[PDB]
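*Asks:* test case, fold it:
(2 chains)
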Amino acid sequence: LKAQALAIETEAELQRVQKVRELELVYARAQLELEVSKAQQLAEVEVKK
Amino acid sequence: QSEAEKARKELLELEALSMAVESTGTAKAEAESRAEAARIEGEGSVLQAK
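*Replies:* Residues are numbered from 1 along each chain as shown, chains lettered A, B, ... in the order given. Let me share the structure:
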C-alpha cells in the first residue's frame, strides 16, 4: 500500500516538475536572446566609435 | 507419594495445554488488531495521496 501511494505522489510531482522546468527553459532562452542582442549592439557601437 | 505423582503428571499435561491456548490466543488477538488498524491506515493513505 505504501508502494501505491508513493506511485501516485511520484507521478503528480514529476508532472509538476516537468511543466515547471519546460517553461523555465523557454524563458531562459528568451533571456539569452535579449542578452546576445545587447552584447552585439553595444559591441557594434563601440567598434564604430 | 508415588500414586499422587502418577496423577499429577496428567494434571501437568492439561495445564500445559491450557497455558498454550491462553498464550497463543492473547498474542494472535493483539497482532491481528494491529494488522487491521495498519491496513485501514494504508488504504486511507492511498486515498489521501490521490
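
*Asks:* for residue A:19, give its distance to chain B.
*Replies:* For residue A:19, the distance to chain B equals 19 Å [C-beta to the nearest C-beta, to the nearest Å]. (C-beta placed from N, C-alpha, C; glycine too.)

*Asks:* once you drop chain neighbours, what's closest to the residue of chain A found nearest chain B?
*Replies:* Taking C-beta to the nearest C-beta, chain B has its nearest neighbour within chain A at residue A:1, 3.3 Å off. Closest residue in space to residue A:1, ignoring its immediate chain neighbours: residue B:42 at 3.3 Å, by C-beta to C-beta, 6 or more residues apart in numbering or on different chains.

*Asks:* tell me the gap between the strand or helix carrying residue A:22 and the middle of its chain.
*Replies:* Here residue A:22 sits within helix A:2-48, counting by DSSP states H and E. On the basis of C-alpha atoms, centre = their mean, to the nearest Å, helix A:2-48 sits 0 Å off its chain's mean C-alpha point.

*Asks:* what packs against it?
*Replies:* Here helix A:2-48 touches helix B:2-49, going by 3 or more C-beta pairs under 8 Å, 6 or more residues apart in numbering or on different chains; DSSP states H and E.

*Asks:* just want the angle from the helix it packs on to helix A:2-48.
*Replies:* 30 degrees (axes from the mean of the first three to the mean of the last three C-alpha atoms, to 10 degrees).

*Asks:* picking up where we left off before, can you get me a residue count around the residue nearest to residue A:1?
*Replies:* Per other C-beta atoms under 10 Å in any protein chain shown, the neighbour tally for residue B:42 reads 13.

*Asks:* then the one 5 residues further on?
*Replies:* Residues lying near residue B:47 (other C-beta under 10 Å) number 9.

*Asks:* with residue B:18 instead?
*Replies:* 10.

*Asks:* re the thing from before, and the residue nearest to residue A:1, what does it touch?
*Replies:* Counting by C-beta atoms under 8 Å, 6 or more residues apart in numbering or on different chains, residue B:42 touches A:1, A:2, A:5.
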